[PDB]
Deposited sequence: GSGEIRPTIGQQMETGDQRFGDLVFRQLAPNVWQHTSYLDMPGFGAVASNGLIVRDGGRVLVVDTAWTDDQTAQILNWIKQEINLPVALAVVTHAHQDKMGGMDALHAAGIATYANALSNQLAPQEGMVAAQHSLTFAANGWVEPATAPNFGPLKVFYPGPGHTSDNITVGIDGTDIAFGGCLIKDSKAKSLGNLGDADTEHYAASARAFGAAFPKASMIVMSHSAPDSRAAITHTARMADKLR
């Protein structure tokens, strides 16, 4: 890929997607769109069900995520949560709905989805003033702990911690510590980006593996480095 990590030992190719185990019950899914840009999301095994964070870029790619789950985990997918209304995170909604999978997004992501050319999720998350999801709107999310950090990469971007692990997912908000820019800022809130990145760090203070949309997993320095680049936008 031109944007995105390269394939590495421990990675499994399945169709045109790549899967990597990060923990006993957690995998990263990676899909590509043309050069090629990689996009990452997560798959979590929770008891007798599977939870998905983010679609792939397309419906066909997202169907392949479901196929890989069937082969390698062989448990039903109970729900998916998508972290904002752009193609890399929500482009494959139709595959989930075709399969009868309950889908969740920030209410604002669902409201923006038609303007962004995305299919809205079936259910909407809302958030307290401190950024934590209102639990009534996140039914049976199990280990997925959803946090809205504030506007940054987009106004609707949300983040997800995996309870019982050292993993937190920053989506497109967080860039890795070797990044030379903040990526695609076309819909970004440059005034609040830096504070939102720091808020993500403070919401998951013990996470040591930070998973991101367009880089391999990094340490907590990714959060600080992102916030310090965002400081220069103001």
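Gaps in the coordinates relative to the deposited sequence fall at 1-6, 41-44.
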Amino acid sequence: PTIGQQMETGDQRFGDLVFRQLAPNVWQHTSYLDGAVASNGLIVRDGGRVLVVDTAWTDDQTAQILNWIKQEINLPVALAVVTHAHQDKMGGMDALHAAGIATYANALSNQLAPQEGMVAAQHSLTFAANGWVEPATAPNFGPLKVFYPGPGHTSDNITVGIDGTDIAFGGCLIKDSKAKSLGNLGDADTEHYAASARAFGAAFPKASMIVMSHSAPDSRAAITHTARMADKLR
From here on, numbers count along this sequence of modelled residues.
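We call the rigid core whatever largest set of C-alpha positions still superposes within 1.5 Å between the two forms.
After superposition on the rigid core, the larger root-mean-square Cα deviation in 6 other deposited structures of this protein belongs to 181-189, not to the other of 38-46 and 181-189.
When the mean C-alpha temperature factors of 69-77 and 86-94 are read from the deposited coordinates, 69-77 comes out higher.
Between the stretches 180-188 and 43-51, it is 180-188 that shows the larger average CA temperature factor. Sort the modelled residues of the chain by CA B factor and residue 29 lands in the lowest third.
Among the modelled residues of the chain, residue 64 sits in the middle third by CA temperature factor in this PDB entry. When all modelled residues of the chain are sorted by CA temperature factor, residue 114 is found within the highest third. Sort the modelled residues of the chain by CA B factor and residue 194 lands in the middle third.
Ranked within its chain, residue 170 lands in the lowest third, by CA B factor from the PDB record.
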